[PDB]
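In the block that follows, a single chain appears as C-alpha cells, in the form deposited without the partner chain.
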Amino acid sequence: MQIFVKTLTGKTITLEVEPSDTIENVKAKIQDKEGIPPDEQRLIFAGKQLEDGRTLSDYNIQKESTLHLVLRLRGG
C-alpha cells in the first residue's frame, strides 16, 4: 500500500509499505530515497512520534496516511 511522507520544506515522498512494516523499515525506505541515516530520522503521525520497533498496524496507519519527517542530526 501507499503512504506519503512530508518533509519539513513540504516535499512529498511516496512509499510502498505493508501494515506489518516496522517504523525502522519505513526509515530504511526513506534512506533508500533520501540518503538520510535512520538514526537521524523522526517520524510523526497525528502528532505522535513513532517508535522504530513498532509497526504501521500498531499506529492504525492505513493506506494513504501522511507521516511527517523531521531530521535530528548527530553531534560532530
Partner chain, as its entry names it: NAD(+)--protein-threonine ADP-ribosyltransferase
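Residue numbers count along the first chain shown, from 1.
Keep in mind that the form deposited with the partner chain bound is not shown, yet the notes after this line are about it.
The partner chain in the deposited bound form is approached by residue 70, whose closest heavy atom lies within 4.5 angstroms of it. Interface residue remark: residue 1 is not counted as part of the site for the partner chain in the deposited bound form, having no heavy atom within 4.5 Å. Contact residues in stretch 44 to 61 (any heavy atom within 4.5 Å of the partner chain, taken in the deposited bound form) are 44, 46, 47, 48, 49.
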